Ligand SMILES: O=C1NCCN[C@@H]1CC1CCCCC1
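The chain below stands alone and is given in structure tokens; this is the form deposited without this ligand.
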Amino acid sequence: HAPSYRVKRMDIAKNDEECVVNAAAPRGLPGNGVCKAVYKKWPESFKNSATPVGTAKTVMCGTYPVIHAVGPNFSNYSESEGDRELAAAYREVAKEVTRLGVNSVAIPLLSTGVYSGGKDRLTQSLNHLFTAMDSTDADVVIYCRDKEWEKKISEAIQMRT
């Protein structure tokens, strides 16, 4: 037992962890990017998966848990309301990870990309991720796709040890 954070630049649908967090689209839809990859790999986990912005809902695919976390779309939310809902989504992820009793979890950065409102939200989203997941016992593996983001996430991980 020595919980860590790691970052990998690859498709989260190929993760090596005991459960996955989906950067879920609202309304339980297949979405794009990460959510679409999750839909292609674990389509059964989208049965009644819809959950409001700021929340998370776990649906099993077989016995593999998919934690659907709906971050805010900053094109629709103000900066202050969106920040609150982004923090809350990660808090509900940490609660689901705890309830599931998993030893590890694969997580993407919520409210980035098409939900970012055209702004770079790495630091904002990653810091809410740390605040929530620091409360758990699980190994956390953060998944990104951009090479400069991998570098920055790795630097943030390094300066917490």
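Residue indices: 1-based, along the sequence shown.
- Higher average CA B factor: 152-160, of the stretches 4-12 and 152-160.
- The deposited model assigns a higher average Cα B-factor to 112-120 than to the other stretch when 49-57 and 112-120 are compared.
- In the PDB entry, a CA B factor belonging to the highest third of its chain's modelled residues is recorded for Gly31.
The next section is about a form of this same protein that is not shown, the form deposited with this ligand bound.
- Taking the partner from the other structure, this ligand in the deposited complex has a heavy atom within 4.5 Å of a heavy atom of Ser116.
- The closest non-hydrogen atom of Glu44 lies beyond 4.5 Å of this ligand in the deposited complex.
- In the deposited complex, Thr112 approaches this ligand with a heavy atom inside 4.5 Å.
- In the deposited complex, none of the heavy atoms of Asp134 sits within 4.5 Å of a heavy atom of this ligand.
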